[PDB]
Amino acid sequence: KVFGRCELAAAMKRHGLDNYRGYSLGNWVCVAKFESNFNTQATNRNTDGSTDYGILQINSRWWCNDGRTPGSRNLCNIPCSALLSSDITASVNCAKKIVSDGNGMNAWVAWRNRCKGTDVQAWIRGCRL
Ligand SMILES: [Cl-]
Ligand SMILES: [Cl-]
Ligand SMILES: [Cl-]
Ligand SMILES: [Cl-]
Ligand SMILES: [Cl-]
Ligand code: NA
């Protein structure tokens with residue numbers, strides 16, 4: 001599923017991401033845009049052999065099981081395939097664990113490089129929420 005900008009903002013808000021660990025909603029929409037272009041089916045392989053999955057590009061090196069990342073962990077205790085669903089629940093719940101891991105949203109390189117320090121409220125501008 002490819003979400004619209006405001007449809008994703010609304011879904012993230014309903015799943016409790018607005019100001020989760022202090023990160024306003026625009027931060028989450030911004031990171032999703034750059035990670036996946038709002039596409040729940042996005043996948044990308046990392047240089048180490050792990051793979052990032054879904055709208056928030058969550059890495060099988062630590063967070064999910066895909067059966068093909070040796071030495072990896074499954075800290076969200078989910079198959080990586082669950083992060084590709086049209087329903088974002090699994091991605092949001094895992095993202096809540098990631099963002100609490102000590103580094104905040106710096107856990108997503110793309111947030112640090114493309115969202116941090118910018119006007120992230122623009123990502124939810126005009127949305128009826
Ligand atoms: Cl957009
Ligand atoms: Cl915001
Ligand atoms: Cl594995
Ligand atoms: Cl959803
Ligand atoms: Cl923080
Ligand atoms: Na894993």
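Conventions used here
Residues numbered from 1 in each chain as written, not as in the entry; some residues may be left out. Chains lettered and ligands numbered in written order. Heavy atoms only, no water. Residues with missing side-chain atoms left out of burial classes, pairs and counts. UniProt positions renumbered as here; feature names shortened; annotations may be inferred. Donors = N, O, S within 2.8 Å, 3.2 Å for Na, K, Ca; no water. Buried < 20%, exposed > 50% of the residue type's maximum accessible area, 1.4 Å probe, protein only.

For this entry, the PDB record names X-ray crystallography as the structure determination method and reports a resolution of 1.4400 Å.

For the protein chain, the PDB entry supplies the name Lysozyme C and the organism Gallus gallus. In its PDB record the entry is named "Crystal structure of Hen Egg white LYSOZYME introduced with O-(2-nitrobenzyl)-L-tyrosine". UniProt's Subunit comment on the protein chain is quoted here verbatim: "Monomer." Checking UniProt for the protein chain, the heading Subcellular location contains the comment "Secreted".

*Asks:* Hey, could you run me through the coordination of the sodium ion (ligand 6) in this one?
*Replies:* Reference values for coordination geometry: four tetrahedral donors around a metal ideally subtend 109.5 degrees, six octahedral donors ideally subtend 90 or 180 degrees. Around the sodium ion (ligand 6), the protein supplies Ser60 (O), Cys64 (O), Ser72 (OG) and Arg73 (O) as donor atoms, at distances of 2.3 to 2.5 Å. Written as a sequence motif, the donor residues of the sodium ion (ligand 6) are S-x3-C-x7-S-R. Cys64 shares its class with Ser60; the two are buried.

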